[PDB]
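Enquirer: This structure is in structure tokens; I'll ask about it shortly.
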Amino acid sequence: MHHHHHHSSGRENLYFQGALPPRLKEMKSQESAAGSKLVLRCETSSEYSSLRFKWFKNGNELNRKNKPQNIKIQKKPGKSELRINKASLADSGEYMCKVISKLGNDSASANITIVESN
């Protein structure tokens, strides 16, 4: 039976003195041709057992429905990447990776610029 499991057992959601915040590692502003593939690789400095990764574009939360279908979002165990396949001019803008945990929140951005290969 599809049941999520994994209880969000909170204790250190503001009193985590000693433990580090989930600091995302800075992604790159990448320029590429229309029809190319750009992978935004965003992970935390230290891996944690409760990292909720989210992708935004101009502050708009890219859910499965809000996400353009040429892009495929992959949430790996403790990291997440944004594989923008056949990236067109419609894929231009800042894609922000986000992390939501007990220890805190953090966000790294990347300006995806696409040009027509003339």
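Every chain in the structure tokens takes a letter, A first, then B, and so on in the order presented; its residues are numbered from 1, and the ligands are numbered from 1 following the presented order.
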Skip residue A:76 itself and residues of its chain fewer than 2 positions away, then list as a ChimeraX atom specification all residues within 12 Å of it, counting only C-alpha atoms.

Expert: /A:41-43,47,49,51-53,73-74,78-82

Enquirer: With N, CA and C atoms kept, could you save the residues just selected as a compact mmCIF listing (two decimals), in the first residue's frame?

Expert:
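Dumped to selection26.txt:
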```
# COMPACT_ATOMS: atom_id res chain seq x y z
N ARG A 41 22.17 21.67 -10.77
CA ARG A 41 22.56 20.76 -9.69
C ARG A 41 22.63 21.53 -8.37
N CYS A 42 21.62 21.33 -7.50
CA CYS A 42 21.50 22.05 -6.22
C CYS A 42 21.35 21.06 -5.06
N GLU A 43 22.35 21.06 -4.16
CA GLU A 43 22.37 20.22 -2.95
C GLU A 43 22.90 21.03 -1.77
N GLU A 47 24.47 16.74 4.21
CA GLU A 47 23.27 15.92 3.94
C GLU A 47 22.47 15.72 5.24
N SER A 49 18.46 14.02 6.85
CA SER A 49 17.40 13.01 6.64
C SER A 49 16.01 13.66 6.45
N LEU A 51 15.14 16.82 4.09
CA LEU A 51 15.40 17.93 3.14
C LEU A 51 14.30 17.93 2.06
N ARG A 52 13.41 18.92 2.13
CA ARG A 52 12.32 19.10 1.17
C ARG A 52 12.76 20.10 0.09
N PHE A 53 13.13 19.60 -1.08
CA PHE A 53 13.61 20.45 -2.18
C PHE A 53 12.44 20.91 -3.05
N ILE A 73 12.02 17.20 -13.11
CA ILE A 73 12.57 17.46 -11.77
C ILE A 73 12.85 16.11 -11.08
N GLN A 74 14.08 15.93 -10.59
CA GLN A 74 14.50 14.69 -9.91
C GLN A 74 14.94 15.00 -8.45
N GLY A 78 18.49 13.37 -0.53
CA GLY A 78 19.39 14.38 0.08
C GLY A 78 19.87 15.45 -0.90
N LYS A 79 19.36 15.42 -2.16
CA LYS A 79 19.67 16.43 -3.19
C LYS A 79 18.58 16.47 -4.26
N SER A 80 18.65 17.45 -5.17
CA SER A 80 17.69 17.57 -6.28
C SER A 80 18.33 18.33 -7.44
N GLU A 81 17.96 17.93 -8.67
CA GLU A 81 18.48 18.54 -9.90
C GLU A 81 17.32 18.80 -10.87
N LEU A 82 17.49 19.81 -11.73
CA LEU A 82 16.48 20.26 -12.68
C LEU A 82 17.01 20.05 -14.11
```

Enquirer: Just list the residues in chain A DSSP gives strand (DSSP E) on the backbone, as a VMD selection string.

Expert: chain A and resid 30 to 33 36 to 43 52 to 57 60 to 61 71 to 76 79 to 87 93 to 100 105 to 115

Enquirer: Calculated over only C-alpha atoms, which of the candidates A:90, A:50, A:9, A:26 has the smallest distance to residue A:69?

Expert: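 Of all the options, A:90 lies closest to residue A:69.
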
Enquirer: Contacts of residue A:32 at 10 Å or less, counting only C-alpha atoms, minus same-chain residues fewer than 6 places along, as an NGL selection string?

Expert: :A and (38 or 87-89 or 112-117)

Enquirer: Show me, as a PyMOL selection string, the residues that have an atom within 7 Å of stretch 16-21 of chain A when counting only C-alpha atoms, minus same-chain residues fewer than 3 positions from it.

Expert: chain A and resi 12-13+103-104

Enquirer: Find, counting only C-alpha atoms, the residue in A:2, A:7, A:83, A:25 that gets nearest to residue A:99.

Expert: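 Nearest candidate to residue A:99 out of A:2, A:7, A:83, A:25: A:25.
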
Enquirer: Which residue gives the smallest distance to residue A:96 among A:118, A:45, A:29, A:66, with only C-alpha atoms counted?

Expert: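 Among A:118, A:45, A:29, A:66, it is A:29 that comes nearest to residue A:96.
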
Enquirer: Can you work out the spacing between atom CA of residue A:28 and atom CA of residue A:95 in Å, to one decimal?

Expert: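 It comes out at 10.4 Å.
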
Enquirer: What does the structure give for the distance between atom CA of residue A:107 and atom CA of residue A:46, in Å to one decimal?

Expert: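 Distance between the two atoms: 14.5 Å.
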
Enquirer: In Å, with one decimal, what is the gap from atom CA of residue A:72 to atom CA of residue A:93?

Expert: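 About the pair atom CA of residue A:72 and atom CA of residue A:93: they are 16.5 Å apart.
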